[PDB]
Amino acid sequence: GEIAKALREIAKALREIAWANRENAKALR
Amino acid sequence: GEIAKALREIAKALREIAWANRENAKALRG
Amino acid sequence: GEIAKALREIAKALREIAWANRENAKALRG
Amino acid sequence: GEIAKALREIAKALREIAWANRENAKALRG
Amino acid sequence: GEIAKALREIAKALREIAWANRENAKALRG
Amino acid sequence: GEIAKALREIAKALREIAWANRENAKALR
Amino acid sequence: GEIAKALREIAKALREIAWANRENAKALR
């Protein structure tokens, strides 16, 4: 369904934030 | 539907946050 | 509808977080 | 409705995060 | 309702993130 | 219900992010 | 249900942000 597919896009975006934040920790190290 | 469209709007805004957070990592690199 | 309208405010608030985070990246760049 | 009201409360909390994050940018610029 | 109650805990958790992020801005000033 | 428990799961994860973010502030001091 | 599963995927992605942010605090220390 359209609602469940949108919620899965929100999850994917949050995983991209996690990856971006791991780039920061790398950058600090 | 209106609800699905608004949730996809939320996903897009979270992709904007991901891009901004990566620029923070790159500014610490430079 | 009231639920869709509130979801679109959530998206707008996330866009404001992205803007703030972009401001950080600029401040780090100096 | 109680769901819409709770979603608006989420949006307000996200606006608080945006203000906090901008203050991090202001504290880096000093 | 159980859904609205859960959404209000989401909002409360987000206000805790804002508070944590305001602590960061204070640590940077220091 | 399954939806409400999942939303409570989201709130707890956000409480983990608040703790982590505060640790970042503690590591600056 | 598909909606509850997608909400649980959102919670898992937020836990992945928390882990990133905990790592970021260790990299500052």
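All values below come from the heavy atoms of this structure, side chains included, with hydrogens, waters and symmetry mates left out. Proteins get letters first, then strands, A, B, ... in listed order; numbering begins at 1 in each.
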Show, in sequence, the C-alpha distance, side-chain angles and deciding distance for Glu23(G) and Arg29(A), and conclude whether the side chain to side chain contact (heavy atoms under 4.5 Å, CB included) test is met. CA-CA 10 Å; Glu23(G) 279 302 311; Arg29(A) 292 188 302 253; 4.0 Å; yes
CG of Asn21(A) to CG of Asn21(G), rounded to nearest 0.5 Å, is 5.0 Å
Could you verify whether a donor N or O on one side chain and an acceptor N or O on the other, from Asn24(F) and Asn24(E), lie under 3.5 Å apart? no
Donor-acceptor contacts under 3.5 Å from residues 4-20 of chain D side chains, at least two apart:
from: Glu9(D); atom 1: OE2; to: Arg15(E); atom 2: NH1; distance (Å): 2.8
from: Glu16(D); atom 1: OE1; to: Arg22(E); atom 2: NH1; distance (Å): 2.9

Could you pull out the closest heavy-atom pair between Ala27(G) and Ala25(A), with the gap in Å? CB-O, 3.8 Å
